[PDB]
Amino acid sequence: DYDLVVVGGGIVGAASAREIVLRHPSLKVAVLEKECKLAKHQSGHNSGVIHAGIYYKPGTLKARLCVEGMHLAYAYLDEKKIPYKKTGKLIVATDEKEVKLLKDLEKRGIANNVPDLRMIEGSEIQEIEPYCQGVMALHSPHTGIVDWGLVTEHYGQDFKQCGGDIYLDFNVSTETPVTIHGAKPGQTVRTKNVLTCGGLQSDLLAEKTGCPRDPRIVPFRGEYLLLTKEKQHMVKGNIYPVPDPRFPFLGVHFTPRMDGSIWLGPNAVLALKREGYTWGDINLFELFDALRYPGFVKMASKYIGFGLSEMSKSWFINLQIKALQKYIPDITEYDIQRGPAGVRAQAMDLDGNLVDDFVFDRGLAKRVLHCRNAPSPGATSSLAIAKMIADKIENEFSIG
């Protein structure tokens, strides 16, 4: 029926499908998404921050797309007149031990070409955020916030305007040259090749492939806390902490929203379910397969204490606010409301390392391909990652 299929209606699957039709406006392309609308998971439950690229090492690949995709974003945001707001980000350090890591963030940032990286300290901290403390802080006024779920549906609007079709409520679940079946009998779409970009199910899409199970996706939920509208003037822009460089998580941070709300998060607690957006939502066969994975216990043998304290502050938010008072001490417990959350698609190898790079796997064979992982931030680098994915398309599939 078609010539190319992109399984997954996320910001990665939409930007990759939008990029490949502007390349060649000749192929009949389709997008398969199991939910009603696009950006219903990771790209719909993110912090909304347009990252600049500070934590990443110079000369890396992750820092290449992050600085590029951020520039490609602001270009696409003005092209489509997408509402955005350049708020700026202050990476505040409390102890001197965080300052030593904060200077490593500045040294790694000057080489990634981040616009207007300034290291402030002292009374110059409150001139940008008047309610935040700290000893030293790193300023990046080029960072902004935007509705990434709104940019994702704008990617599909462009994709649909170029002869593309977005098959929604299509939950994939066969050579006829390939035919993709679904949950409803009779729901089948035939095409030449297929590219799968599932979020927390990219590992399960490998089984249809014939790919090896690894790297398995480990769900890490990121809970957000809503600050009451009474005292939201206390947060003007992004207020990030200095995280542990051993983990890709950046820590619970103060970030404004487009509607004026101030969400505090996200955290990094292990989810008992792939799509486990709530604590009580537990799937037995989805964690027994996650805990029997050889790479989990390896990482658990070294980082269990860091995961337990994330869940301890999640069970008792009085401990969470106590840590947040290091930055804004004028925040009480009666000002906090438990809001929604998102779950990360954390890839992991059998050695216990959270996968950092691109992961493309193929078994059906050769005709399929699974972007099982992409460098983060996937939302900021979306258009940049969409190019690198599109350049892996014409090679294996022989396109154009």
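Counting begins at 1, following the sequence as shown.
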| query | finding |
| --- | --- |
| Unmodelled stretch of the deposited sequence separating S173 from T174, binned as none, 1 to 3, 4 to 9 or 10 or more | 1 to 3 |
| Deposited-sequence gap flanked by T176 and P177 | 4 to 9 |
| Mean Cα B-factor comparison, 129 to 137 or 248 to 256, giving the higher one as deposited | 129 to 137 |
| Of 39 to 47 and 26 to 34, the one with larger mean CA B-factor | 26 to 34 |
| Deposited CA B-factor, highest of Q325, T209, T152, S314 | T209 |
| Highest-ranked of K89, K80, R221, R216 once sorted by CA temperature factor in the record | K80 |
| Ranked against its chain, the third holding the CA B-factor of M348 | lowest |
| Chain-wide C-alpha B factor ranking for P58, given as lowest, middle or highest third | highest |
| CA B-factor placement of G237, once the chain's modelled residues are sorted into thirds | middle |
| Among modelled residues of the same chain, the CA temperature factor third for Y84 | middle |
| Third of chain Cα B-factors occupied by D116 | highest |
